[PDB]
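First, one chain by itself in structure tokens, the form deposited in one PDB entry.
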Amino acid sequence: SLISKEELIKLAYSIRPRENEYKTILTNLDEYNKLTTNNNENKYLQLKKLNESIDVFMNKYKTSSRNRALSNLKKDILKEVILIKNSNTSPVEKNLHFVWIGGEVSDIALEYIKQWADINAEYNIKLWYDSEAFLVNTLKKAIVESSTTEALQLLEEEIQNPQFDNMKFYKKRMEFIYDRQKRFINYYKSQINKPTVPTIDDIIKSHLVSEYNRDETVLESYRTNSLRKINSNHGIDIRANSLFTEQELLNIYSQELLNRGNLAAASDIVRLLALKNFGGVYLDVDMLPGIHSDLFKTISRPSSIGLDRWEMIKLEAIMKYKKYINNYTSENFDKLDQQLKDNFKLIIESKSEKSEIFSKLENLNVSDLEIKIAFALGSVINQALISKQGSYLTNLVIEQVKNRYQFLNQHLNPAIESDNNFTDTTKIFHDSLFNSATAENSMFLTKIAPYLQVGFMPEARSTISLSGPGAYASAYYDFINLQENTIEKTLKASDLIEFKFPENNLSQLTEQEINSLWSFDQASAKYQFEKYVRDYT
């Protein structure tokens, strides 16, 4: 709790008379202490009011002696926020949310999911999907593959000189990709409002048949067998469950699903809506349950193996002997000297039930204010989440997302509208975007400039700052500091220990997690490039 009005009166004592702004603080603080309620959101907002009233005074009477004491109070308030969110704690809705959008859900994913299912039978599995978009991944593959061979022919006579920037290939292919997306988006807009009310898949199908020389019956078979498959595996349609409660959110989701073909970004939107509406736990399909914390204590990590690769080896080991996921890599565990391998073999083979190899989630006690998130490399990462339905913070995150898109699209829309090619569209976008740059937004603006390239070029990672981690991180900042609409600052892993997804509940560092599906690094760029050229032989 906070100090009493009376107490504040002693500590901030000044020979001078009470400023009206001080009197207001005094009143907000007293009002807060006497706040007779158990509603967390209510208590938080009153904290917020109090904190704002303090900032006003302080930012007006910069010379006031009261400021020492009032700064102490702003410190106390930060702590109070944590006190509030760490009370009225109860277990999350027992749902496991997964998202697979845009094609057939893979058997591998189904295997990862199965491990969650086994350990946590008391939880409800929801495998979210879009019933109208099973053909999106095909479209993306057809577009990217065509553009690849276009760019290769174009550069056929330069690609193998040593000094050949693989990047010249990527800039050029992106011109072709962008054109092909405008081509598809345009056809789409010519169809979507017909009286025949066609679906996304209907439009994609037509397009592919006529413009990529694909067979319709095969497309249809793939479609129905993707829908068949997902329904048989916990599948639930986002279109049939009022996840999108307003056009704005459907629009954002759609620009990712259709215009960019960024399935991960579309997934970023869905998971927030699903937690908002149903509460529970979100998990990317490449996460696995946490390993029992004490299972492996007896075996000591060699000094030559780093922390992360040790966690990896543990996982490869459990899989070597239990084979819960065929045929899980063992590339790291086979490098172990013998004596070590046998220490793993002994321990793992002794355990009898999957029950006692991985930890059960059990009750995850959270407050209606918070959302918990996993960490990675010093930043939050949204591959794993916990939130009660309708939580304050989850709303903050959703709001951050809408605010970011709004800014993005205000500058992006006209640029696209121009039908310019990629390069010129980018300049129109950038000139606009950067003309509105301030110290406060400059970083954000820098991080979204290469938006159009996300998914097709190396190190285009705008997603982070629209719908991914960045949005969460600023939402935390908002929450923790009783701020609103924060764009400049992001809380990092060292800031968020109170909001961490419990370390013993999650195995990040899975074999599937080792590679991304909306992005790729410069070294796999130099790699995919070669694969491309090698093949083009």
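A residue's number is simply how far along the shown sequence it sits, counting from 1. If you superpose the two forms and keep the largest set of C-alpha atoms that fall within 1.5 Å, you have the rigid core. Only residues modelled in both forms are compared.
Another form, the form deposited in another entry, is not on view; read the next lines as being about it.
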query	finding
Did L11 shift 2 Å or more between the shown form and the other one, C-alpha, core superposed	no
Large Cα shift (2 Å or above) at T24 between the shown form and the other one, core-fitted	no
Change in CA distance between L517 and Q508 in that other deposited form, which is 3 Å or more, as closer or farther	closer
Distance trend in that other deposited form - C-alpha atoms of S519 and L219, change of 3 Å or more	farther
Regions of at least 3 residues displaced between the shown form and the other one by 2 angstroms or more (CA, core superposed)	335 to 337, 515 to 524
